[PDB]
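To start, the structure itself, in structure tokens.
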Amino acid sequence: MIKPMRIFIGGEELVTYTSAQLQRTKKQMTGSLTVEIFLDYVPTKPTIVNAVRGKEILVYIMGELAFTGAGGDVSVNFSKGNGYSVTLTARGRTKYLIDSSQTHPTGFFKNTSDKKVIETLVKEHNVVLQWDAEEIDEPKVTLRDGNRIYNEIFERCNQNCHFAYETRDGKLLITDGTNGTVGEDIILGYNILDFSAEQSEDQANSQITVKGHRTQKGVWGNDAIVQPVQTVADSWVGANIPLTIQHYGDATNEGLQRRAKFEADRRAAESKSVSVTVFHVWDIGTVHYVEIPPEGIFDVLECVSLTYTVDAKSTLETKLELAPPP
Amino acid sequence: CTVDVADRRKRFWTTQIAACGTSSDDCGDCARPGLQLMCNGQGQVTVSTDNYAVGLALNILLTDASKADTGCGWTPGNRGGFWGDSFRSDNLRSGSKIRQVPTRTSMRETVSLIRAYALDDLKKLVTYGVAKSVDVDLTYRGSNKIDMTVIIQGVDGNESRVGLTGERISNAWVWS
Amino acid sequence: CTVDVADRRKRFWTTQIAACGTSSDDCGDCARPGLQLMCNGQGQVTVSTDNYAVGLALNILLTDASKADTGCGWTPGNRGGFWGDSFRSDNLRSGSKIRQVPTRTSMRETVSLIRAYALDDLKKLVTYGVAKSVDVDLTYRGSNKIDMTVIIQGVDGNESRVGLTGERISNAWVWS
Amino acid sequence: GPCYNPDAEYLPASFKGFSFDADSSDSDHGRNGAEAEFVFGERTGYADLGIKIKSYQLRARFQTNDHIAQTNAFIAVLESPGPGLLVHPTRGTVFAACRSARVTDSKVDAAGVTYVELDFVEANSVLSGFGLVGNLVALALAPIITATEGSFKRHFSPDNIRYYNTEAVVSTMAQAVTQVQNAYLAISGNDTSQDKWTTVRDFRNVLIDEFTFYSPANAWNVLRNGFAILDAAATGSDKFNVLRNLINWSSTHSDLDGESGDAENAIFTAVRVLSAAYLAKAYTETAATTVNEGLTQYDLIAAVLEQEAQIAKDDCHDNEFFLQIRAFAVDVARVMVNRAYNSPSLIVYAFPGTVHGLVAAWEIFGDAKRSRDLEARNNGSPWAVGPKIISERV
Amino acid sequence: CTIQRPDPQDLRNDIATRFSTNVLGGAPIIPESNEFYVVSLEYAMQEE
């Protein structure tokens, strides 16, 4: 059987979905399910509705979990001729972290670690954290009053390189490397329905200089105003394209270099973007060998994104966005 | 170095026509192919390895391929073929199906059917890369007698001709 | 200065008809073209450089071009042509193929084929920019004999005509 | 022809087992490519992009007192899920999938006959997960590296060997790392970047300190990173002699007894296995000049690996490492054999007597500029190459 | 060792004897032939 999906809003195995698009990504905290239901209306018989606006779903792809998290919205349309459709949208369970507002009493974490400040910024909405990077210590953590549960995490995992995204179970994964799990060697002429590689040069940078200030206890004057600096370099770009991305917490040498290398991996991973459309419908961090000789790719790349699409007519295709082989 | 010109590739045992001798049965003399044992000066027998292409052609003609799915079904053990085809990578079957012709009257149609089947099965010699222009000359109707001479066109082990239309067979080292 | 006009371009040696003399063989007298050596007042021989266009036409007609791909192929060294064609930038072939006509019955048809081939080849004289209106008048069937009169329209080294449909070719300095 | 028997030349049509009689047979073969039309130019381009998907078109007839029942059965078969096996009358058996089937049936115009217009498409499966093909063009060194790590840490514990041999064992380890350092310095040569300054500083810093190799973790990490740097310092041919010297250095045996001999033998085995692995990887990075050269290089590597496999089993030291070595040997075997026989497909052309390099290149390839390629493979003066010439497959 | 690991030479002799009694009908094997190499592989496989 070609059958990939079987959606469950709660146990109701969707059998009417006229189309579907499921997107997973590392550049963000969530995903985006988008189902299309029929929903007939006979204007004499009784009709029943479903006002879910929050009733929880999952998308088992090809006999395996793909998503986990109709919370998004209901979008009942109309028309005379092809009307009566219902687009349901469903973000990832790590969402309220995105649309909430921090309500922690204190506001001033003292002598804490980024892991802990993240555990208490999440356990207010029951989103178990899959911490798999490391423990970094920091003296002063003051959250801007009611900023956002997601802005603060993104800020706390960017100044110490940590990808923050969501898994297939419904958890928040704060990683530092890859998800291992290597796979299919996509070769040009073997399965690529379509490809598009673009390694531009307007989004690269030779030297990244990180400056800031020291926020430790007792440290003042020069040792907290003058010294903290670092200059990391990407010996691949070319000419002197300098930069200065300033730091915003407890600027240690390691802290400086680490924020620096984080951005030096962001800019790197944006300077070779390979979108491939493959055929039939597990790669949110997977590495694959890719072979596209005409554009000179013979290298091992990491899939940043993954989009399954369907439409009963001509579809079932997967769009991957990959990660550069520096 | 310079010695190089000789492939280190060898050939395994090859089935051969009349390896086990003829078998008279008052209708004629068959061949009864098998494996030829070559003796030496001092004991030490050894299987022969000549006529590779004819060996493959005998392996192909004299082995039943899978039958076609019918509503009647087949006994679990009679559906022909070889389980070893589950592991090859060229996406093909092994054997022939000349013995699976749906017999009919007007033996001219049967002759044409057997021609089609024999040619479709022997094309696997070209597909494997062992011959280039295998062809059959099945021509008779008699009472039931039929003559089916087969030609297996081959090459040599050194490309001696320049500017050909096709592309040297991939296994021209068997000498075809 | 005012006595300028003399293209400083020179002409190299040219092959010439009957440079090496005729060769009687009792069927007729052919030409045997080669290189003509001009003597001087005091020794000091020198190769002539007259009749450039006819020399190119001879170099074209009397040089076998690459043969077409067949199913059997060619000997590694008989496939015609010149390796020097791998370096020219005009993307064309060097030689003619009138000696490669697939001979057939009804010599009128072979006449038409030889016409097509010779005209296709000698169009390269116009293509290189040495003539403008080459044309042949091959007309006979006999037993096998054939006449093949060839005309090579030329120009002069000074444009003396105004308002042409075409253009001064490219190489009107050879005098064509 | 005059006596062409039609129904003995066209195959009886049938789809998915259900047989029917066809009245037509079409096909739409082809090949799709681009078409370039550069501006302001008397030139055009073409680039072949693949194979065009085939489609077949048939027309079935049903002229029988029970054509309604047959038509309905045919309709039920055509709408059965998935592709099926089709017998095209003039193209034989294919795997097709129905795409449309129009069923025209009049009553007061033509009663009795029913025509069906069928439209099939060539239908092949893929698999399910977009083609898990294996890059048999490549050697994987991770399994043997982890196996060597296990085998090293099993027989190297300089905290559990007799006190009057620990210094000798640790000195052996340090000498091995010194060998890898000298290898790197001899292969880098004219590298000026600051990485080359830091790597050298790290080698000294690790060899100066004393208590670094007293722990198996640090020893193995130093060894593996040293080999990784020696690999990443050059490419291909350059890394041959160096790696080969290492195989000679670690081809000795320990004189000590008991666990001391086992520790030193673990050091030597780790170095030799790692060097054989990286020498195979280095051979793979360069293209073969002749079949015999690739096969000889494979023979060298397989000899070293088999020797180490027989060492790792003589008195059943560790069976697991013997199994790991054997698997690595069959892997490097497949890779090196494919490299020798199929990386460039070399053929031996037989010329009628000797010819020049340009003449041979232009007769074989149709391009004399490739004569530069006939010099690395054939020995013989440039003006007389042959009369048997080894070159690429056309 | 824990199983037995018989003497190599004896094992190879037994393998060759089986191959000669079954396939070649009791005759010895030509050295450096197809059957010799087949026997050597089997042996390697049984060792594994």
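Please note: Cβ atoms are built from the backbone with ideal geometry, for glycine as well, and neighbour counts cover all protein chains shown. Please treat every number below as a calculation from the coordinates, not as lab data.
Pick out which of D:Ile208, D:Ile68, D:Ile267 has the largest mean-square fluctuation in a Gaussian network model of chain D, springs linking Cα atoms closer than 10 Å. Taking springs between Cα atoms under 10 Å, the residue moving most is D:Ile68.
Averaged over residues, the count of other Cβ atoms within 10 Å places the peptides C:88-101, A:83-96 in the sequence A:83-96, C:88-101, highest first.
For chain D, D:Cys3, D:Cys98 have no disulfide-compatible partner, since no other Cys C-beta lies under 4.7 Å from theirs. Straight-line cross-link partners of A:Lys217 among the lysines, defined as a Cα under 30 Å from its Cα and at least 8 positions apart when in the same chain: A:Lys110, A:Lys115, A:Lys116, A:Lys123, A:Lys140, A:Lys261. Annotation for region A:168-219: trypsin sites (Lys or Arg not before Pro) lying in DSSP loop with at most 11 further Cβ atoms inside 10 Å of their Cβ are A:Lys217. Computed over the alpha-carbon pairs of chain D, the distance histogram in 10 Å steps reads 4, 15, 16, 14, 13, 13, 11, 8, 4, 2, 0, 0 percent, short to long. For D:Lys369, a cut-off of 22 angstrom between C-alpha atoms picks up these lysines, skipping any fewer than 8 places away in its own chain: C:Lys67, D:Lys388.
In the frame of its principal axes, region D:62-215 has Cα extents of 110, 43, 23 Å, reported largest first.
Please give the net charge around C:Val126, taking every other residue with its beta carbon less than 15 angstrom from that of C:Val126, where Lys and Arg add +1 and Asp and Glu add -1. Spelling it out: positives minus negatives among the neighbours equals -1. To the nearest 0.05, how large is the calculated FRET efficiency for A:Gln216 and D:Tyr164 if R₀ is 45 Å and r is the Cβ-Cβ distance? So, using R0 = 45 Å, E works out to roughly 0.35.
Each other copy places its own label point for B:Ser66 at 4.5 nm from this one, sorted shortest first, where the point lies 7 Å along the Cα-to-beta carbon line. Just the number: Rg to Rh for region D:173-221, Cα atoms, Kirkwood Rh, two decimals. With Rh from the inverse mean 1/r over Cα pairs, Rg/Rh is 1.01. Each of the peptides A:303-311, D:301-309 was scored by the mean count of other Cβ atoms within 10 Å over its residues; in descending order, highest first, they stand as A:303-311, D:301-309. How far apart are the C:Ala6 label points across copies, placing each 7 Å from Cα toward Cβ, in nm, shortest first? In ascending order, 7.1 nm. Whole Å is fine, so just give me how far the alpha carbon centre of region A:298-319 lies from that of region D:303-365. Distance between centres, Cα-based: 38 Å. The charge dipole of region B:1-153, taken about its Cα centre with unit charges on the Cβ of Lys, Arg, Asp and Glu (plus for the first two, minus for the last two), comes to roughly 300 debye. Between D:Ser237, D:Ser125, D:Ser381, which gets the highest mean-square fluctuation from a Gaussian network model of chain D, Cα cutoff 10 Å? Judging by the Gaussian network model, the answer is D:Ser125. Working value for region B:23-64: equivalent-ellipsoid semi-axes of 25, 17, 7 Å, each the square root of 5 times a Cα gyration tensor eigenvalue, largest first.
Partners of A:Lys3 within straight-line reach, counting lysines whose Cα lies under 16 Å from its Cα and excluding those fewer than 8 residues away in the same chain: A:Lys313.
In this simple spin-label approximation, A:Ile241 and A:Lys80 carry label points 7 Å from Cα along the Cα→Cβ vector, and these lie 5.7 nm apart.
Within 10 Å of the Cβ of each residue in D:365-373, the mean number of Cβ atoms contributed by other protein chains is 3.
To the nearest 0.05, what FRET efficiency results for D:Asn32 and D:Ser128 with a Förster distance of 41 Å applied to their C-beta separation? The computed FRET efficiency comes out at 0.95.
All alpha carbon pair distances within region A:136-204 were sorted into 10 Å bins beginning at 0; the resulting P(r) in whole percents reads 13, 27, 31, 20, 8, 1.
Just so you know, the Cα atoms of region A:31-97 work out to an Rg and Dmax of 14.2, 44 Å. Amide H to amide H, with H built 1.01 Å from N, A:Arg6 comes under 5 Å of A:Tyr60, counting only residues 5 or more places away or on other chains. Note on C:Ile151 and D:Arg61: the model spin-label points, each 7 Å out from Cα along the C-beta direction, lie 6.2 nm apart. Using the Cβ-Cβ distance between D:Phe40 and A:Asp194 with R0 set to 30 Å, the FRET efficiency works out to roughly 0.50.
The orientation-averaged projection of the convex hull spanning the C-alpha atoms of region C:1-79 amounts to 11.1 square nanometres. The amide H of C:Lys132, built 1.01 Å from its N in the peptide plane, has C:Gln153 as neighbours under 5 Å, considering only residues 5 or more places off or on other chains. One equal scatterer on each Cα of region D:270-394, no solvent, Debye formula: the resulting log10 I(q)/I(0) at q = 0.09, 0.19, 0.21, 0.22 Å⁻¹ is -0.38, -0.95, -1.07, -1.14. Grouping the Cα pair distances of region A:1-135 into 5 Å bins from zero gives a pair-distance distribution of 2, 8, 15, 18, 15, 13, 10, 8, 5, 3, 2, 1, 0, 0 percent in increasing distance order. The HN-Hα couplings worked out from phi for region D:212-221 by the Karplus form 6.51 cos²θ - 1.76 cosθ + 1.60 (θ = phi - 60°) are 7, 8, 7, 10, x, 4, 5, 4, 5, 4 Hz, whole numbers, x standing for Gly and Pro.
Counting from the shortest, the label point at C:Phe87, 7 Å from Cα toward Cβ, is 5.6 nm from the same position in each remaining copy.
Rounded to whole Å, the principal axis extents of the Cα atoms in chain B read 63, 47, 37, largest first. Relative to the dominant Cα principal axis of chain B, helix B:107-128 is inclined by about 30°. Charge dipole of region D:152-295 (Cα centre as origin; +1 on each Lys and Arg Cβ, -1 on each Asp and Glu Cβ, all else neutral): 280 debye, rounded to the nearest 20. The mean number of partner chain beta-carbon atoms within 10 angstrom of a residue's beta-carbon across peptide C:62-70 is 2. Protection proxy ranking, highest mean first, for peptides C:59-70, B:76-87: C:59-70, B:76-87, where packing is the per-residue count of other beta-carbon atoms within 10 Å, averaged.
Rounded to two decimal places and with Rh computed the Kirkwood way over Cα pairs, what is Rg over Rh for region C:105-168? Using Cα coordinates only, the ratio equals 1.13. In degrees between 0 and 90, to the nearest 10, how far off the longest principal axis of chain B does helix B:52-61 point, with axes built from Cα atoms? Long axis of B:52-61 versus the principal axis of chain B: about 20 degrees. The radius of gyration of the Cα set in region C:51-119, together with its Dmax, comes out at 14.0, 42 angstrom. Along its three principal directions, the equivalent ellipsoid of region A:213-313 from the Cα gyration tensor extends over semi-axes of 41, 18, 10 Å, largest first.
Overall dimensions of region D:185-310, expressed as equivalent-ellipsoid semi-axes from the Cα gyration tensor (√(5λ), whole Å, largest first), are 27, 24, 9. Sequence-ordered 3J(HN,Hα) estimates for region C:38-51 from the Karplus curve with 6.51, -1.76 and 1.60 and θ = phi - 60° stand at 8, 7, 10, x, 10, x, 6, 5, 6, 6, 6, 9, 9, 6 Hz, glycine and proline given as x. Here the protein assembly as shown is treated as a sphere whose radius is the Kirkwood value from Cα pairs; by Stokes-Einstein at 37 °C and 0.692 mPa s it diffuses with a coefficient of 84 µm²/s.
Computed over Cα pairs, the Kirkwood radius of region D:226-269 leads via Stokes-Einstein (0.890 mPa s, 25 °C) to a diffusion coefficient of 204 µm² per second.
Look at where the Cα atoms of region B:46-115 and of region A:169-212 average out, and the two centres are 50 Å apart.
Applying D = kT/(6 pi eta Rh) to region D:1-48, where Rh is the Kirkwood radius over alpha-carbon pairs, T corresponds to 4 °C and eta to 1.567 mPa s, the Stokes-Einstein value obtained is 82 µm²/s. Averaged over peptide D:122-132, the number of partner chain Cβ atoms lying within 10 Å of each residue's Cβ comes to 6.
Computed from the mean reciprocal separation of all distinct C-alpha pairs, what Kirkwood hydrodynamic radius does chain A have, in Å?
22.4
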